[PDB]
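Only one chain is shown below, in structure tokens, and it's the form deposited in one PDB entry.
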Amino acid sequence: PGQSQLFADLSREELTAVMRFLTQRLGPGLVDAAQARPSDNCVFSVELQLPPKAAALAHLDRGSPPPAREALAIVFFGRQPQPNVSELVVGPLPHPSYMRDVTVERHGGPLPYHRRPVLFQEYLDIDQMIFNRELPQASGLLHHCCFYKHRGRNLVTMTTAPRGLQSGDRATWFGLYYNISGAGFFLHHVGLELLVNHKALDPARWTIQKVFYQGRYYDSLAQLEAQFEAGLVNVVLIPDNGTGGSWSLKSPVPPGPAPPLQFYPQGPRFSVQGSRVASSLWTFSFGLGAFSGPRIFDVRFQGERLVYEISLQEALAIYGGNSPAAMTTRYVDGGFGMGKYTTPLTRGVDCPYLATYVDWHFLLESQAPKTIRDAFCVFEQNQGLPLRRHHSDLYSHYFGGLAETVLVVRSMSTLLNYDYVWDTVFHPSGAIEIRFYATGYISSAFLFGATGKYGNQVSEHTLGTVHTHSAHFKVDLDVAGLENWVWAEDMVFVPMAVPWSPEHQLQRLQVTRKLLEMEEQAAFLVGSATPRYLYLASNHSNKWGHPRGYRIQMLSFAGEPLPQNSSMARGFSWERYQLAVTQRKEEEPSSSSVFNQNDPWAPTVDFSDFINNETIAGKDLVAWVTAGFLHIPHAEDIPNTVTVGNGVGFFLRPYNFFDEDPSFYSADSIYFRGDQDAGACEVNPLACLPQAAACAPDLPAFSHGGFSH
């Protein structure tokens, strides 16, 4: 009816077109982001502006004309007497002709300039101040401890956390580490940690305001030499070569027989075309925000839409430690960007070999579109489980089952050391499983002092620092329509007398159903009682009279939220909740904000604002889910944290939404009575895989979508 693809990310043309539009009317002194100074004017990002929902649905459902495709741009305006970041909407694509400043509309005033993310340039300007005007003042020490030459670069920095202690601060603790080659630098901290202040717009004005060496705090790298020279510093010598997991990543073992391989014996059974995937049961668009990360829209099971949007909103990591970097590190990874940092998927490792892979395009900190090759994979997996089965020996004498095969969509953000895997998986039953693994390397500190309270030793000199991971997701169900209710069902035992034997007691198992009517009644804090059955449902009912529902079951071992006493906790208020449900809104598009990380004491978005007692009885509702877990690192996280058991997320499960299990109708289901031949091709499809069905494809030659330079 409405056949447009209005959820798709911008093409290169589209991106270019918007850049050209902007170039022209920003004007006096627009610099390329990739070399911008603080005092420059800069285009930080250009990406899709999502359509408003009312119009989108009108188009898709009621055949109306589609809304204007627009793009949003972030502009650092540094070349003024009162710098600002600005958000600018630009359309209508593909040939734009207007531009609108929506900053004060969305934020209520101008964006203070320090909120802006640190630029690639800014990182380089810092690393010069470090390696040219600072480390030099301590070649004595460094020649001694850390194999340092002239200046040379054998070391390497890495950033942290918020940057400072107050709204307004821009001061980052940087750890120093050996530039290892072909493997992870994060394990090889050298015990040096500089607190670089960089608020000023003139990099010359940038001071170092504290030093930390191997357990001790000094006021500068001068003092540090003074003492080292004065023999007054006991210095630990940390190697820069080694062998095994803390050094390498290459398995020293030769390839053995081949892992199992999965193929689609007579062609695939889904198809991807643009941002749009379609299979016999399922239909959806998939995307990728620069900063939010992955998203799917307009999901439909057999024609019927369940969810308008499911989308990553934020990712969080909270550290402890001995040493000022980690003890103060609260990463709000959106402020770097889960899209911006998405990475190629290595065919046969990150997804099955025959997955279909799909490029992503972007214009970030640049002036022309680039592309991450193979950023998404989509594939149909045979789970090795049945979805359902029943064997009957009792009375008759039949078998009926179906092997679960499933449809997956994956992307991976790789930020610093972390490799986040994001999955969404679509089940034949009509259920949707969201999963989030964390792999890759481990951020580490130099092992020194009271360890046990702050992690485990994992390699020599190497503390695996304790941290919590948490992720937030937006789940905008539209259960059989916009207007939804949320219900809480649970159990209870009521002690009673056996009706037919009143001497005796029995414990009466009962169901309990309560209707949650206000936003607060459906806001569940971490470590609180949570209804065993929580679902959103329609006013409409199914064929047996029960409300049509989708149940949210969580899979989270959430750590313990940063205490609310912390003046920075407003910057990730969503961590306090397991689950919340809120009235959907155009002014509440996101949980978080790329600007939250560099000023969480004065948040651009405070998710707790969304919970503001309003009815959730029969409105357009959106459910916000938090998933996460505490990580105390240990030896088996070397070289990499492994995915097994680190999976975390939620199901969306149909609860009296249908009138019966859709999989009853699967083409793949199997059935035979005891009185039949089950090794008969006409009774049973599986009887005729061997002769003569399907002959295993020739494989694409391997290839890889490479690295950023």
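Whichever C-alpha set is largest while still superposing within 1.5 Å between the two forms counts as the rigid core. Shifts are known only where both forms have a C-alpha. Residue numbers run from 1 along the displayed sequence.
Not pictured, yet referred to below: the form deposited in another entry.
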(message) So that I can tell if residue 686 moves, could you say whether its C-alpha shifts by at least 2 Å between the shown form and the other one after the core superposition?
(response) no
(request) Looking in the other entry, decide if the C-alpha atoms of residue 269 and residue 691 are closer or farther than in the form shown; they differ by 3 Å or more. (result) closer
(request) Check residue 269 against residue 695 at the C-alpha atoms and report closer or farther in the other entry, compared with the shown form; the change is 3 Å or more. (result) farther
(message) With a 2 Å cutoff on C-alpha displacement after fitting the rigid core, which stretches of 3 or more consecutive residues move between the shown form and the other one?
(response) 690 to 698
